[PDB]
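Structural description and commentary
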Amino acid sequence: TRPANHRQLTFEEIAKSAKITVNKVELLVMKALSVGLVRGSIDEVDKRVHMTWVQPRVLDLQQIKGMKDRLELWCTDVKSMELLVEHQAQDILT
Amino acid sequence: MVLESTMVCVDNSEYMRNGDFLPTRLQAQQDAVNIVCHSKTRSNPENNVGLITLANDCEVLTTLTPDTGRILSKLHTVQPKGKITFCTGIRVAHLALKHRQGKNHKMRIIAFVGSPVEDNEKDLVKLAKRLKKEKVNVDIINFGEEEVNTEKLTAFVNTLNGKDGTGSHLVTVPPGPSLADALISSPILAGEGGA
Amino acid sequence: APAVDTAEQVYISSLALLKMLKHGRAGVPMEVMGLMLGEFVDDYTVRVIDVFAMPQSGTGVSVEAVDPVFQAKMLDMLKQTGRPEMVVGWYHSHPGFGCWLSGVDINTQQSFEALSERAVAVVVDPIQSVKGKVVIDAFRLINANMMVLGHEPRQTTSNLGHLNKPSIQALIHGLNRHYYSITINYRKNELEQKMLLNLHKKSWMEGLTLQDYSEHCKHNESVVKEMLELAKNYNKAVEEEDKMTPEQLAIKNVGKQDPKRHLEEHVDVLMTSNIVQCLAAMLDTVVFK
Amino acid sequence: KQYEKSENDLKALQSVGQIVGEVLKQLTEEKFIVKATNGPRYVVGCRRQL
Amino acid sequence: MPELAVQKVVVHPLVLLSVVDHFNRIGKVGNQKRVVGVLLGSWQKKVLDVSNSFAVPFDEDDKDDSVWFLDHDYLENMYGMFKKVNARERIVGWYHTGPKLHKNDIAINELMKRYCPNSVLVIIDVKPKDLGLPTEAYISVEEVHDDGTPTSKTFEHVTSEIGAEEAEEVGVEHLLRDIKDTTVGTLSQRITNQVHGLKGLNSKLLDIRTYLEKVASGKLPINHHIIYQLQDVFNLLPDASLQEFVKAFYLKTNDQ
Amino acid sequence: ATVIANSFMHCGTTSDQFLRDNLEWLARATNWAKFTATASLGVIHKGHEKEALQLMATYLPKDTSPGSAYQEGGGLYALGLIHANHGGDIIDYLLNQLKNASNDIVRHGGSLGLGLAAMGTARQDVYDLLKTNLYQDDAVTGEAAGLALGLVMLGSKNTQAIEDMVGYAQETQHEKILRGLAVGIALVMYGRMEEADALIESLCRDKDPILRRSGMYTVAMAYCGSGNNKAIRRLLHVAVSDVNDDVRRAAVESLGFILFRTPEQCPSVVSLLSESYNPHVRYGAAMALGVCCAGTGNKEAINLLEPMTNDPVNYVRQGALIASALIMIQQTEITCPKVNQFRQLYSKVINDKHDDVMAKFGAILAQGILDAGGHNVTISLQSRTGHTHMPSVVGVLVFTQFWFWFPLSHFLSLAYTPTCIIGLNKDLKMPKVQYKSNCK
Amino acid sequence: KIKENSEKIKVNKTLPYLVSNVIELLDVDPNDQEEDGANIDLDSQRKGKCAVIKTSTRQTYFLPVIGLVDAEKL
Amino acid sequence: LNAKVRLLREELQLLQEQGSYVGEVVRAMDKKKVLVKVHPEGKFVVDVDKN
Amino acid sequence: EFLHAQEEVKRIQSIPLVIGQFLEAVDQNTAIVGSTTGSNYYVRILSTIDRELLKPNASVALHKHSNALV
Amino acid sequence: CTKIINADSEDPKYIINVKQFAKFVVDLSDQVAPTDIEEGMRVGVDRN
């Protein structure tokens, strides 16, 4: 749901969604990592599971739409930025 | 026939399953085509023969060449259960007539009907009119329509005659047992030469 | 009353030149040949659209190898493709000497001259070409008949004029017995230049692609170590440089060529990689996020 | 069959025939100084296809 | 019939030059229609080297793309002949000349395999589809796609590279003095390349966006490869920081 | 090269001598070299109006004397060259022949001769005829006609000529015809400055190389007589970037033309080009210097010319040799040592056979232009009306072209005006009266 | 295709050409461990079987033998 | 920079010219040629150079 | 153009090459060497690369196509 | 010719050895016969 700013979620936040205890959630997440369904790291000092990698999600319409949000945003940041790269020493490209 | 190039259209259908022509209508139609193709070359070596299909997505399988063997090889192999899209077969045959190794020949298509035609009568009437202008003549051999009921072909033929390199005509063979090959008797080997 | 029958300056397109360079290069040390197909328009321009090789020779560019049969066979096919073109001339490679025809080759050349007067003979040297316009000349056959007519000056007229160079023995001998030399100039369109350039997708992408941070630090430290060496020579050079010419001063008060230059090149390469990667890194992080 | 057997000469001539050696000294993996069987010594390359 | 030996392909500049030239010339066919000719290169090897191309008789009609002209025999004749000019030029397959990849192309792909050893379908366009090469390489694939849709026959793309042999390199290098992607000669040369990668990236973003909508409305087949590829960019997480470099130069400039 | 040189050298006098000795020369001759010789007679016998029709008479088409195509066409050119710079009667004669035959190599001469006689009428009749000659797509009559047309419409900026010649240039990919239309287009564009800019951009813009190569001529005439900054910038910019050899060479020749009025600015600009080892750029550089300095000779221009002369590549030598002669134009041995040395230098190229064929061509032409008028004619930098002299520019622009067809250099005769005290009174008579002269 | 091959070998077969003697054969495998150009073949850019000859200059060549008459036939 | 470009380009053509050996002029002959004794190869009589 | 030109020389610096021994320098331009091919050569030393650490005694390579000391 | 044995699919070839220490084969530009080329017989042959 979250953009490419954070793929980090806390244990607390995972527990709320799951509606399963914080303790058992920590073991469950570890078994999923172990199998290889998901990848990432667990920092239990912070208590976040930082997802490096996430798998192909469920095919519903909404899920097609989630992809659009990032692609559209990316179109505008690239335009802005492309102009800054052209700007620097425009006198010499030759 | 003299200074002429002809492409033969083979009708792959689902009404070629009948043994009214032996062995199978289609196999009898291969044979009918092959003797006509040979007759044309033998009579006048100035003849070229090419092969096009209605079957599948429509493409020119082999082109016009003095060699009857080039066309024959492909004819047997083309899918017996093909499409009876007539109009698309005619159009591609027009494109091949343009591209030959020596260009001085008239443009002709001789067409086989293994079956009653699927696509509207309206469409064929039109195609015939535009095609007539480019000066490609389609001569239609009729056994195929007749199996269920009287020939639609005669109307398309009539529209076609008026401007052609050589005349168009309906050659009729009974759809039952008299064999496909009987077409050698009716003239398609040499048209009417008409205007 | 007189006719034309001059050798016009041959316009070689970008694809045809590449096909000649490739034909020769595989083809040598063996003497090889093939035909040139094009269109000739006007009385100044012959454009060489395409070439292909009509079966390659053995020992010599033999008179056996020139074949009207193969030439005829290939020509009728072209008609069916809807590209009918005519034989504009023919090309051959010699590795023997740059811009030279063999003895056998002049006889072979005569069959092409009879077919069309505008038949040309191109000598390709793959051994001695490392610019690929170099050591290629267009030539024309000198028979007993041609020399008596005075066809040889007649060729220079209608273009910029061109004489060969490679080797002394090959230029004197070639000029008398073998040929007269005439010009090749090149026209290649802007589309041809665009395809020539090889636009490539990863080629531009690398510019953005971020290199390791540790690798820049490591490099920064390595680069400094080259400057240190140069720095001893550089301290001595700088003490007196009170006259003119920095290079003389620098050599004189120890330090081969320019110690300053060496130092500067060393920072520039490191600065270049670090500077672009920093520009790229800040940009990507913000864009993707 | 007849085609492939004659054609083998056709390709070999374009590959160009081979002058043979034995490897004299391994200095680096890009250049090797190689010694001809005939005699005169040469520098050869190694390609990454072997 | 089908087989894979395509893998990755490298293209000499000669292929690119040959297809446009023959394409217009072939009978003044419009430069947005489907035209196919034989594609030459070395073959029955794992890495594919596309050397050259040559035309095969083709006419493309307006009324449908299910009506076209092609001479199959011509493919066979050409194969033998190309061997004399170079040993590296044999029947590799066929070339398509844009603009997209059509259903109508699939009928010819089938056919080509018999004629050629197994063929490749390379699409060489007259204008890039991105900003780099105008070539795409394809192999026919059958894959199950689910959203209410059955198993689809499609063409799955494999990435392309550039590359040439020594003869080709010699002429292009002497002739070139153009601006290029980058030549390299200054720091400033390098920025031109940086501008070109970023502009390229903009182009790809537009194609995917318009398609995402089409998938949602139509229930177009969902290819696993696309959904997975886009997903990955998002998950990796950007992080970037500390950067520095030297400043030795001043004493040197001052020194001059 | 000898025919051009002599055409210029023996000008301003009648010469029955020339026809009588150089009959064997005419017989010996082949190709374009033969055409130049029959054509050249007009320049040698320039003026001498009574005799004009009579001397040429055999060469000129007859029912009682039909020669070679080469002779018939050169005959027609010869009347046009004598009466050059307009003459009402001369046109009518050329016009009947042009429209009737509509042939090849004979027609080519007719168009050139006809162009001169018509020069500065803007006639529609002439437009119709020359159009017919172009339209066939016959190679020789096409280049001649395209150029011929531009002479007639010149300096009024007639719209129609520009339209006809441009539309044709684009459809047709014939390079020979192409060069002749472009030049035609330039002759019309003269002295309109900034206006010309719309057409000039269109010609550089195209993916075609041929338009671009001939494109430089338009810029050259129009911006001459007050040169624009944008216009010089383009000429330099196209040259560096190109891989197309002819296009490159050409760009460099025009630089001298726009600066013709301020000759001072050109040797610096050319210096950068002189230094490179590119022979195509070297060729153009020589020409640039040659035209700018042509009225007002600079020492600096001469020095740049020296390495191009002895260079390996064939064409650069030619350029240098023709160019020096043109700057220094008809100064005596008492004005400078340089003219005397240069006359000998050309001879030298001829004595030795170590040198290119092409250097030899330039050497004999060079001697002749310098020596032109019989040591009486000069080319102007500008008129002293503070804009450029029209005969000087039209002639020089065309002169560059001699390879496509060699009789096109004869057109040079238009630049040549002698410098004297001029002081006619009312009745079409110069007087015999003496003039005060306060010079050595 | 056959007539074209057949004429080219013949141009090769006509003199000049060296004569030597075959001391030994080896006949090593086709396609050693490489891929380059053309196709896998007895000889090409890929060559298997060869025969070593000692020529009359006291020079040695190991060369691939044409398949018209093989190295195994040699 | 022009000069540097030129040096390499000239260097490339000048050099391509095959061969270049050493000999010794043992003697000179009345044919205004000199006998060269090439040290591990055949002896060759050549014309004088202009150098 | 300088970057394009350097490319061209690199190719020559590389194989084909034939080895010799480099005896001594008679000019910075050109030097005398001896081959294993049975020919003593006067070969040119490639410019815009050092010819001044060329000069001591060492093994050296000469190009086969150009007959120079690259 | 050191020895006569060759006549391999052309009018008699034999091994003739030039004094550059290389062996070559002969063809007709006059004739060739068992008697024209012999065990000791020297021959005149072309360079190319």
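Residues numbered from 1 in each chain as written, not as in the entry; some residues may be left out. Chains lettered and ligands numbered in written order. Part of a larger assembly, values for the part shown. Heavy atoms only, no water.

The name the PDB entry assigns to chain J is 26S proteasome regulatory subunit 7, from the organism Rattus norvegicus. As recorded in the PDB, this entry has the title "Substrate processing state 26S proteasome (SPS2)".

Under the PDB entry, the name given to chain F is 26S proteasome non-ATPase regulatory subunit 1, and the organism recorded is Rattus norvegicus.

Nonpolar side chains tend toward joint burial in soluble globular proteins. Formed by 161 residues in total, the largest nonpolar core has its most connected members in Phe8, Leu151, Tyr346, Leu365, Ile369, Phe411 and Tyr416 of chain F. Among the elements that take part in this core, helix 21 (residues 314–328) of chain F stands out by supplying 10 residues, more than any other. If sequence neighbours within four positions are ignored, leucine 151 of chain F has contacts with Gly115, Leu116, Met119, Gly120, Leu187, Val394 and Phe411 of chain F. Listed in part, the 108 residues of the second largest apolar core include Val66 and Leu141 of chain C together with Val19 and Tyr138 of chain E. (Core = buried A, V, L, I, M, F, W, Y, C linked by side-chain atoms within 4.5 Å. Buried < 20%, exposed > 50% of the residue type's maximum accessible area, 1.4 Å probe, protein only. Helix = DSSP H or I, 4+ residues; strand = E, 2+ residues; numbered from the N terminus. Contact = heavy atoms within 4.5 Å.)

Glancing now at the packing of aromatic side chains. For the coordinates displayed, the defined rule picks out 25 aromatic pairs over all chains. Here the aromatic rings of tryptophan 90 of chain C and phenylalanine 112 of chain C are separated by 4.7 Å at their centres, their planes lie at 25°, and the arrangement is stacked. Here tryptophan 90 of chain C, found in strand 4 (residues 86–93), pairs with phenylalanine 112 of chain C, found in helix 3 (residues 103–115); they are 22 residues apart in sequence, far enough to count as distant. For the pair formed by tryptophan 90 of chain C and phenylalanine 112 of chain C, the shared burial category is buried. Here the aromatic rings of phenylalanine 402 of chain F and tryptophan 403 of chain F are separated by 5.1 Å at their centres, their planes lie at 75°, and the arrangement is edge-to-face. Pairwise contacts between aromatic rings join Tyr44 of chain C together with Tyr283, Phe361, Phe399, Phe402, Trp403, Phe404 and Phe406 of chain F into one cluster. Above the face of the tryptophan 68 of chain E ring, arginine 34 of chain E is positioned so that its terminal group lies 5.1 Å from the ring centre. (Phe/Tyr/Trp six-rings, centres within 6.5 Å; stacked < 30°, edge-to-face > 60°. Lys NZ or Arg CZ within 6 Å of the ring centre and 35° of its normal.)

A separate point is the packing of helix 1 (residues 2–15) of chain D against helix 1 (residues 2–13) of chain G. Where helix 1 of chain D meets helix 1 of chain G, the axes come as close as 10 Å, and the angle between the chain directions of the two elements is 55°. On the basis of their axis angle, the class for helix 1 of chain D and helix 1 of chain G is oblique. Here helix 1 of chain D and helix 1 of chain G pass one another in a crossing that is left-handed. Of helix 1 of chain G, the residues touching helix 1 of chain D (which contributes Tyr3, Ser6, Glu7, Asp9, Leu10 and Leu13 of chain D) are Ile2, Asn5, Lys8, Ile9 and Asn12 of chain G. (Axes fitted to C-alpha atoms, helices over the stretch in contact; angles between N-to-C directions. Parallel < 35°, antiparallel > 145°, perpendicular 65-115°, else oblique. Left-handed = near helix turned anticlockwise from the far one by under 90°.)

The next thing to look at is the pattern of salt bridges. Under the defined criterion, the tally for this structure stands at 61 salt bridges over all chains. Residue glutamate 190 of chain C pairs with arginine 212 of chain F through a salt bridge whose shortest N-O separation is 3.3 Å. Of this pair, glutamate 190 of chain C sits in helix 7 (residues 190–197) while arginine 212 of chain F sits in helix 15 (residues 209–223), placing the two residues on different chains. Judged by its relative accessible area of 24%, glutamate 190 of chain C falls in the partly exposed class. As a salt-bridge pair, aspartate 64 of chain E and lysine 63 of chain E come within 2.9 Å of each other at their nearest N and O atoms. Exposure remark for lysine 63 of chain E: the relative accessible area of 35% places this residue in the partly exposed category. In this structure, a network of salt bridges that share partners links the residues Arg47 and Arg187 of chain C together with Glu175, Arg179, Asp246 and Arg249 of chain F. (Salt bridge = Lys/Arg side-chain N within 4 Å of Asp/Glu carboxyl O.)

By secondary structure assignment, the location of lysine 13 of chain G is in helix 1. The spacing of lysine 13 of chain G and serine 44 of chain G is 31 residues in sequence and 18 Å in space, taken between C-alpha atoms.

Moving on: the interface of chain E and chain C. Taken together, the contact between chain E and chain C spans 79 residues of the former and 75 residues of the latter. Across the chain E/chain C interface, buried area totals approximately 7300 Å², and carbon plus sulfur atoms make up 65% of it. At the junction of chain E and chain C, the tally comes to 3 salt bridges. A salt bridge links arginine 83 of chain C to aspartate 21 of chain E, with the nearest nitrogen and oxygen atoms 3.2 Å apart. Where chain E meets chain C, there are 14 residue pairs in polar contact. (Buried area = accessible area lost by both parts, 1.4 Å probe. Polar contact = N/O pair within 3.5 Å; in protein donor to acceptor, adjacent residues only side chain to side chain.)

It is worth spelling out the arrangement of the chains at this point. Summarising the chain contacts, 20 pairs of chains touch, and the pair with the most contacts is chains C and E. Between chain B and chain G there is no contact; the minimum C-alpha to C-alpha separation amounts to 17 Å. Of all C-alpha pairs spanning chain A and chain I, none lies closer than 12 Å, and the two are not in contact.

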